[PDB]
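Consider the single chain below, provided in structure tokens and representing the form solved without radicicol.
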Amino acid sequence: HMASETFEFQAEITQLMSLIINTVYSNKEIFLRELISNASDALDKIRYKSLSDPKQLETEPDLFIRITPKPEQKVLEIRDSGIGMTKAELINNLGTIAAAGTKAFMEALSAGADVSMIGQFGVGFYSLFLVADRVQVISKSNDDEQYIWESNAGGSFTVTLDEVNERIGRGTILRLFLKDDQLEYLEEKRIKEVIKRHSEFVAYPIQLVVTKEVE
């Protein structure tokens, strides 16, 4: 299905995104920690669900977080083999449920809270807009087909049955279209340094996919 469906963001999420995408906050690298955390949580959920439904793991037995720079497309992908999101979950989780939390965080920001507190308000996902101006969330839950949720921080987002990306057995890819001045997050050394600042207690392998010219 090449036909996409369009949806409106809850207004507070739109407000949050505009604040993030436009902030001159200095520590943009915090986004990586927040996405790895979300990835870790999605993995926790599938592991926990598998405790009483082991077959849930069979669509992708390896549990991992994988980071893939795609320098030519100025894209950075953060992939997990976690629980994934059905179409309805994408619509719900990314476009509505975060509303209240985004409002609480915005008030904190207004009072002077550090943007790095975002995950403590349960809305760390949106920190991707610190470094990206557009994102595709590609997700495959055991309970649905593979779907693409796409947002450019504007008030609307689309969901499209996925007929263009690699099949993921199960889980989620955040495909960040990096801003032109944030291309340092395509670089292996930079990515490694940022990850190491907070990767100490991640229970899952964090894989970096590096493209090396032979010789």
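The numbering used is simple: start at 1 and walk along the sequence shown.
Just so it is clear, the following notes concern the form solved in complex with radicicol, a form of the same protein that is not shown.
Taking the partner from elsewhere, every residue among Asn38, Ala42 and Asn93 has a non-hydrogen atom within 4.5 angstroms of radicicol in the deposited complex.
None of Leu174, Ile67, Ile30, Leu178 but one reaches within 4.5 angstroms of radicicol in the deposited complex through a heavy atom, and that residue is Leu174.
In the deposited complex, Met85 approaches radicicol with a heavy atom inside 4.5 Å. Annotation for 109 to 127: the only interface residue with radicicol in the deposited complex is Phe125 [heavy atom within 4.5 Å].
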